[PDB]
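Lettered A, B, C and D in written order, each chain numbered from 1.
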Amino acid sequence: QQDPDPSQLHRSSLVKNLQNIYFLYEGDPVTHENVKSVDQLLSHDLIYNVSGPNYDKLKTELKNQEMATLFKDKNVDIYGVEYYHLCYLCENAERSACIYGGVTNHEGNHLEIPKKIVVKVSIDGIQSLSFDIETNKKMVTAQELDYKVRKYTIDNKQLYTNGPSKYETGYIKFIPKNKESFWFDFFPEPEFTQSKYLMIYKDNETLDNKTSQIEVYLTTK
Amino acid sequence: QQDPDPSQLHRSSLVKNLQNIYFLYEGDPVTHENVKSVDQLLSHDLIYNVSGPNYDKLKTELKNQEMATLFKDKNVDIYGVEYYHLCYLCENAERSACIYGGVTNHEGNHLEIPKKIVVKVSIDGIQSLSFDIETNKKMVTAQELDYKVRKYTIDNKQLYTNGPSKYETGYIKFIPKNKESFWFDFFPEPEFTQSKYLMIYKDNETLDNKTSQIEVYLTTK
Amino acid sequence: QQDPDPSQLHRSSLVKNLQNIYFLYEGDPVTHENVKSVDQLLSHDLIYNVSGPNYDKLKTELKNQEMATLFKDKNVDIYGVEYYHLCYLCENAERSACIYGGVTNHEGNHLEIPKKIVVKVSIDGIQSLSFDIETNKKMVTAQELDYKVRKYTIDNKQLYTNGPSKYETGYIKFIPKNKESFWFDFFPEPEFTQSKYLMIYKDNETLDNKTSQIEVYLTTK
Amino acid sequence: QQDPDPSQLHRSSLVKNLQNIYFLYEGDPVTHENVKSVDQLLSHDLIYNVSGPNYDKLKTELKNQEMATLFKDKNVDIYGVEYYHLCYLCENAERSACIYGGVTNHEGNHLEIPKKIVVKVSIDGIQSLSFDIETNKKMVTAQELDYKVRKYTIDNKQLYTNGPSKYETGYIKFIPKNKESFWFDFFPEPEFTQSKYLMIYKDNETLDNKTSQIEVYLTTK
C-alpha cells in the first residue's frame, strides 16, 4: 500500500465534531490479559465477559468468520480503542464497549523485558524528533501501537484537542520488516462516526515488534 | 398515592442485571447551574449544551410539551440520574447523556446555607437509624433527594452492589406538607432497562425542602 | 375521564411530519387469531412468532408486568396498529413489528355474525354523519374500534392525508354502558414519534361491543 | 475478484435466518429515475427525497467521500436492493429505506430498446440453463443485474425460499470486456445482518451492458 499523495489525506479543518476523534485517543484503551470469548453476535466478532470503566461486556469485530472462529476458544490478550455510540453486542447489555481487532494469542506472546520502539516523527517534511513507545508483546496489533503513538502526540504536541487541531493532515506508517508497509490517516471524513472511522483496526493486523518500524507525517497551517 | 401493599413491591432476587441499577446510584449525578436549553428532539424534552466526564450534550424528558415549553427558555438548575444506553438526542451527537425531569428554575431558589433533611430508615419493620442529606435549593426535585438517599445507603448499607442486594424489597416515601405522600420502588421489574426505570422522575415532581419528610422501608427477606 | 377543553386538544396545524400518523391509519392493521406468546424482552411485553407482509416477529407492549404475565400463556387474538421505527424485539430479528395492547382472550370471544356499532360524527358542532364499523369480538379493544373508525374517515372524509389535515382538532370518545367514558386525541404533539403516540393503546382497554357507543368530534380549518 | 476458491464460498446450510436474504431478492427493488440528492448524513452517503411503499426518504452509501461528492449534485438513476433494519438516515425520518451503491448518471445513459443479456447458469459443473435479464441503461450497476438474476432464480429455480435454499453454494461472476472480472457470493456468513451483507454493492460497480457477460455457478449439497 505505497504512500498517500498529498490530496489523498483528510483535511482536519473540514472535519465536523473533531473532538470525537480526540476522546478516543486521549482516553484509556481497553486492555485485558488471558481472556477467552463467551459468545459472539455476528459470525465475525467475539464477545468477552471483561470489565473496565464504563463497560462490563466487550465486543471485538475481527476480519471475517475464519479469524473469529480461530480465536473463539483461545485465551488471548486484547488491546483496543473502544467506542459506545453505535456499539451493538447483545439485546440485554446496557454497559457495553466495542472495538475492532486488537486480538492476540496470549500463550507465549509475553516479553519479560519490554521491547522499546523508535517513532520517527516528521512535520512539514522535516524530522522534528522522535520518541519511544513500549510494548510487552512479541507479536502486537498495529492498533495497540498506533494508539500509544497518538496518545503521546496528543498530550505532548496537541495532535487532537476537545476541538480544532493544529495539524491539517497526518498519518502513521507501519513498515514491517517483511511485507508491504501500510498507513492510517489521522483524520476522518468531514461527517463521520467513531465506529466507521475505527474500521482501520478491523483487519487485526499484527506485527513482529522487534523488527517493524514507525513513521508519522504531519502538516501545519 | 396509597403506599405499597407488600405484594406490590418488586423482589430484588428476581431482577436480571440488577447491577445496572447499582451504576445509576453509585456514580455521580449530573449537575449544572443556571443553564438554558439550546434545542429539543420531541415536544416533551429539552436539550442542553452541557458537559460531564462521558458526555457533552444532555437531554431531559419532561412530563409533556407543556412542561418542556414552560422551562424551554428559562435559566434552570439540573440535578439528575443519567443514562447512556438507549439515550437518543441528535443524529450527530456521539457523546450524549439523558435524564428524566430534574429541572428547577435557577433564579431565587438558592439557599445561603444548605438545608438538612432527616431521613428515617426502617428494616424488617424496625426503625434502625437516621441519617441526613442536604440540598441548596428551596424547591428541589424528589429526584435530587432520592439520589442522595440511595447514594448514601449504597455506600453505607450496601443497598446495591455490582451484583445482588442484601435486600429483597425497598422503597422511599416522600411526605410533603402541602400534599399527598408518594413513593418509588428501589428495584425494577425483572427484565428492565435503566431508561424505562428512570421514568419515576419524568413528572419532574418538586418539593419545598424546608418542610419535606423522607422515610425508607427496606426488607432483608 | 373529563371531556376535553379545546385548549387541551392538539392543533394539527402545529404538527411536524403529520403524514406519519396518516400511514398508521391508511395501512392495514396487524391481526392474528388464536395464538400464544413465545417470549418477551422486558417484563411488560409479549412476543409472538406470527407473520404479516413486512414482519415475522410481533411484539406487544402491555400495561405492566401483571398484564403481560396474565396473557403470557393464553391463546389470544391480536388486533393492532403497528410501527417499525423504534420497534425493539430481539437482537436476531431483522423483520419486526411492534404494537401496544390490542390483546384479547380468544376462548369464546367470537361472534357468528359481525356486531355493527354506530359512529356519530360531529364536525364543528353539527352531527350530520353517521357510519358503522363492525367487529367479530364480544369484548373488543378500543384500539381495534379506533383503527376502524380512523381508517374510514381517512378514506372517506380525509381525516388524514400524506400531508395536512383539513381538520384543526379532532378526537374520538368511547362511551361504555356501565363505566367511565374516555377519549383519544386524533393529533399528536408538534414533534412526536409513532411509537410515542401509539401509547394511547398501552393500557389494552377493552369493552363490550354490544353496548358501547362511539362519538367523534372534529373542527375545521 | 480472483474466481472463488471452493472453500471461499459461504455454505447456505450454515446460515441462520436465510429467509432475510430471500425477502431482499423476492421483494421489489427500489428504482428512481432523474432525481437529485438533497442531503447527506455522513460524507460517503447521499439521501434522496424519494418514495415507495414503506418509505419516503432513501439513503445510499457509496464507496467513500469522493464518490458521494461525484454524484451529489447530479441527476441520477437509482436501482437498489433496500433494507430497513439498521438503516439510519435522519433523527426525524420514521419511514426510511437504505441501499448501497446503485447510482448511475441519468444524462444519455438510456437505451431505445432494452439490452438483453444472456445469463449462463452452471449447477454442479454442468451448464443447465440460460435465461435473459434486461436493462434500459448503457452503463448499469452490477447491483441492478444481480438483482434481476436473483429475482429470477428465486422465482424459477428455488435460489431462495422463506427457509433454506435448494443450493449449497452460489456466486455470480461479472466479466467486463476490459478489466478485471469480479463476483458476489449468493450467501452470507452464518450469523449476519442484511446491512452488512449488502455492502457487496457499496463500491457502486458499473459496467457496459453491451459488452459484459454474466455467469452463474451453483452447487447442491
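One rule holds in what follows: a contact is a pair of C-beta atoms (placed from the backbone, for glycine too) under 8 Å apart; a residue touches a chain by one contact, two chains touch by 3 or more.
Visitor: Can you tell me which pair among A-D, A-C or A-B shares over half of its residue-numbered contact pairs with C-D?
Guide: A-B
Visitor: Look at the interfaces B-D and B-C and say which one is made up of more C-beta pairs in contact.
Guide: B-C
Visitor: For chain A versus chain B, what separation do you get between their C-alpha means, in angstrom?
Guide: 38
Visitor: Indicate the whole-number Å distance between the mean C-alpha point of chain B and the mean C-alpha point of chain C.
Guide: 33
Visitor: Rounded to a whole Å, what is the gap between the Cα centroids of chain B and chain D?
Guide: From the centre of chain B to the centre of chain D is 50 Å.
Visitor: In chain C, what residues contact two or more other chains?
Guide: 41, 191, 193
Visitor: Any idea which chain D residues touch chain A in the complex?
Guide: Residues in contact with chain A: 40-44, 64-65, 189-193, 196.
Visitor: Please output the residues of chain B touching chain A within their complex, sorted ascending.
Guide: Its residues touching chain A are 16-17, 19-20, 23, 54, 56, 84-86, 92, 94-96, 162, 191, 193-194.
Visitor: Which residues of chain C touch chain A in the complex?
Guide: Its residues touching chain A are 41, 88, 90-91.
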